[PDB]
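Just the one chain here, laid out as structure tokens, in the form deposited in one PDB entry.
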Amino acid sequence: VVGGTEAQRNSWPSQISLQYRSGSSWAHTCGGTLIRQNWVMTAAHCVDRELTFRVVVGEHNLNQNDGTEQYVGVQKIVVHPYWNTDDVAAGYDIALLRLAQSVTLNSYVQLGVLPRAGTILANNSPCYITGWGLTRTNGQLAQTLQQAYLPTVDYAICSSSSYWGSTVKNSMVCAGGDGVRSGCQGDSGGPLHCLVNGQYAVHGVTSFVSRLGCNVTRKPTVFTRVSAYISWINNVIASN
């Protein structure tokens, strides 16, 4: 997250860190949202590589013992069947991970609430992106979870020529684009949390930013629209 602030330890308890085995260590690569005690929602592009993955729930600082972490291996991966790694603009950037164990819930570990199917936020709806992604374009990952306030940009504006044009689809949510704050590499797969009727719900799965930079004016961060996949998610969990 570029232009973010440090999140309070218990603000976003559904946020997880998706990590891969690297030598004799683990490295964060993407975020995710805990949606069942044994299921995580992330971006399909985060699991394109055939690596060993684990999820960390109750994580706050990637480099220090928080005293709240639960480490769980990824036992099964179900990527959306229409995802194509060489066509992120087509959408479908979503995947579900079944965990080897069911995590224990507490104030640092809770399920993410999803929006009702088909819900579309009005332009300029207030949301926060959270993640440990780069804090500057071509920078480094954050040590502590960051949050940035990114208002939505509706489809009509987002798909206009000066914004994302034909790249953005109605199956995506755009947010931000002020040139100061945004998601960045390493935030992919994580949540876009938006307050609706007094409750936050996870409306987006971070998918992509501009090749010209994370924080670029009129290139809002683009997320997979969770509300376009409610039936898909329910169907995967029920058959797995």
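When you see a residue number, it is the position in the sequence shown, counting from 1.
Undergrad: I need to verify one thing: averaged over C-alpha atoms only, is the B-factor higher for 4 to 12 or for 231 to 239?
TA: The stretch with the larger average C-alpha B-factor is 231 to 239.
Undergrad: Higher average CA B factor in the deposited record is what I'm after, so tell me if that's 157 to 165 or 142 to 150.
TA: Looking at the record's C-alpha B-factors, the answer is 157 to 165.
Undergrad: Out of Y200, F208, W39, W26, whose C-alpha atom has the biggest B factor in the entry?
TA: That would be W26, according to the entry.
Undergrad: Which one, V79, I129, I120, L134, has the peak C-alpha temperature factor per the PDB entry?
TA: Of the options given, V79 has the highest CA B-factor in the PDB entry.
Undergrad: Against its chain's modelled residues, does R49's Cα B factor rank lowest, middle or highest third?
TA: Top third by C-alpha B-factor.
Undergrad: Can you tell me whether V196 has a C-alpha B-factor in the lowest, middle or highest third compared with the other modelled residues of the same chain?
TA: It falls in the top third of the chain.
Undergrad: Test of reading the entry: by CA B factor among the chain's modelled residues, which third contains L212?
TA: Highest third.
Undergrad: Using only modelled residues of the chain, where does the Cα B factor of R225 rank: lowest third, middle third or highest third?
TA: According to the entry, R225 has a C-alpha B-factor in the chain's lowest third.
Undergrad: Is the Cα B-factor recorded for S171 in the lowest, middle or highest third of its chain?
TA: Its C-alpha B-factor belongs to the middle third of this chain's values.
If you look for the form deposited with a small molecule bound, you will not find it shown, but the lines that follow are about it.
Undergrad: Is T68 part of the interface with the small molecule in the bound PDB entry - any heavy atom within 4.5 Å?
TA: So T68 does not count as contacting the small molecule.
Undergrad: May I ask you to state whether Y92 is within 4.5 Å of the small molecule in the bound PDB entry, using heavy atom distances?
TA: Result no; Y92 lies far from the small molecule in the bound PDB entry.
Undergrad: With heavy atoms only and a cut-off of 4.5 Å, decide whether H45 touches the small molecule in the bound PDB entry.
TA: Yes - in the bound PDB entry, heavy atoms of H45 and the small molecule come within 4.5 Å of each other.
Undergrad: Within 4.5 Å, heavy atoms only: does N106 come near the small molecule in the bound PDB entry?
TA: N106 lies outside the contact set for the small molecule.
Undergrad: At 4.5 Å between heavy atoms, only one of the stretches 164 to 172, 98 to 106, 144 to 152, 72 to 80 reaches the small molecule in the bound PDB entry; which one is it?
TA: Single hit among the candidates: 164 to 172.
Undergrad: Check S188, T206 and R211: does every one of them have a heavy atom within 4.5 Å of the small molecule in the bound PDB entry?
TA: Yes: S188, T206 and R211 each sit within 4.5 Å of the small molecule in the bound PDB entry.
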